[PDB]
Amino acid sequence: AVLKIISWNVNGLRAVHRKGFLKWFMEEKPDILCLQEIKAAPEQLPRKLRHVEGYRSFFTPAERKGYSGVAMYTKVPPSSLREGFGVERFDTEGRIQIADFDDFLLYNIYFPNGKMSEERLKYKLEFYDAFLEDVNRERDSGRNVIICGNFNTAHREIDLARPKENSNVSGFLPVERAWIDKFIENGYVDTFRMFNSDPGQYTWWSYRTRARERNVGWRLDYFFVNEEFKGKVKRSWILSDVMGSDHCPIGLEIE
């Protein structure tokens, strides 16, 4: 069977709801939809966005009300989900959903933005290491893995419009970029670059200064799989023209 997964950093679920989310979700018909930055308390949500016909949903909020948070809709439920790495400084921020879909684990992860402070940058780089430990433990078990979400780092100079102007900015720091290399040489494939080696391919633009209109963006959202799984990947693409957030969606087709 062809399995379609979408990943979208919605930056406000009730915000994207006011900008055509449910209409879009209906016409896209993914098998699994992974959502980052819900910024909403799940039980205090219009029941029509928690309930979508054909889908089971799973919300993982931050303990801080209206901050961060992730979610997952799926036609087939997972056998269960894990909501953390087992390090509670990493597990209280609404950033982790690890769903067990038999053939594979799906990591739906909202990786921390390290721009606000030197401590948040430290948290981000530490978050990255807990994640790597976690994913390696599981594929070393024999588990196949799919990881999508807001990684919050552009990997190579090709992954943003202004590489040289951003070398001392979180999102393109040589240390953040090197972890992606480290993540990659640990046996994981950036699935987008399996099929598309072109520039101009971004998933995030700043709302201001007509950034989207001028394609001044960063490729911050990713689909990774473990090397052994990559022959199952049919498509890895970007939904550049879907509006409603400062991020666009990305897709994966697996067989």
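Position 1 is the first residue in the sequence shown; the rest follow in order.
S.K.: Pick between 167 to 175 and 68 to 76: the one whose mean CA B-factor in the entry is higher.
M.R.: Higher mean C-alpha B-factor: 167 to 175.
S.K.: Could you check the entry and say whether 28 to 36 or 46 to 54 has the higher mean CA B-factor?
M.R.: Higher mean C-alpha B-factor in the PDB entry: 46 to 54.
S.K.: Comparing against every modelled residue in the chain, figure out the third that the C-alpha B-factor of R139 lands in (lowest, middle or highest).
M.R.: Highest third - that is where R139 ends up once the chain's C-alpha B-factors are sorted.
S.K.: Looking at the temperature factor on the CA atom of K19, which third of the chain's modelled residues does it land in?
M.R.: For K19, whose C-alpha B-factor we compare with every modelled residue in the chain, the answer is the highest third.
S.K.: Which third of the chain does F111 land in by C-alpha B-factor: lowest, middle or highest?
M.R.: Tercile = lowest for this residue's CA B-factor.
S.K.: Name the third of the chain's ranked CA B-factors that contains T92, choosing lowest, middle or highest.
M.R.: Ranked within chain, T92 CA B lands in the middle tercile.
S.K.: Looking at the temperature factor on the CA atom of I184, which third of the chain's modelled residues does it land in?
M.R.: Middle third of the chain for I184's C-alpha B-factor.
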